[PDB]
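Okay, so here's just one chain, in structure tokens, the form deposited in one PDB entry.
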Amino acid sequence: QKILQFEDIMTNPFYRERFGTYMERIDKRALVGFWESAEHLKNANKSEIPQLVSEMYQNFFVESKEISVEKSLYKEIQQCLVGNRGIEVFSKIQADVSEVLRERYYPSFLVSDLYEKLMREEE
């Protein structure tokens, strides 16, 4: 047996496809998938960009969600996201979390022991 460097595996579609199937076993194919899609992107034509960027957002931030990927995204676009409109962005998220708290948790809280104990505080 002779041993392949990480770089040679990734820059070779044969080996890279195989590494893909290993990651599929641990339900992680999306990491390789993201890597391939990002490589495809920096050597595509200008015309192809909006579509491939859209396809990648769909595939890797709504249809799948690896945390390492989300971490990097949010780090790099912070200034774009909240440089100015910090208040308006947080306000929009707050409205959505408000609705989840109200519809999904508040009702069960009301029948919780913790809520009954709060109510028999007449001291």
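For every residue, the number given is its place in the sequence shown, counted from 1. Rigid core (definition): largest C-alpha set, two forms, superposition within 1.5 Å. Residues that one form lacks are left out of the comparison.
The next section is about a form of this same protein that is not shown, the form deposited in another entry.
Superposed on the rigid core, the two forms differ between the shown form and the other one by 2 Å or more at the C-alpha of one listed residue only; from 69, 44, 38, 52 that residue is 69. With the core held fixed, the Cα of residue 88 is displaced between the shown form and the other one by 2 Å or more. Here residue 25 does not count as shifted, since its C-alpha moves by less than 2 Å between the shown form and the other one after the core is aligned. Core-superposed comparison between the shown form and the other one: the CA of residue 109 exceeds or equals a 2 Å shift. Relative to the shown form, the Cα atoms of residue 15 and residue 69 move apart by 3 Å or more in the other form. In the other form, the Cα-Cα separation between residue 69 and residue 31 grows by 3 Å or more relative to the displayed conformation. Shifted stretches between the shown form and the other one, defined as 3+ consecutive common residues each with a CA displacement of 2 angstroms or more after rigid core fitting, are limited to 67-120.
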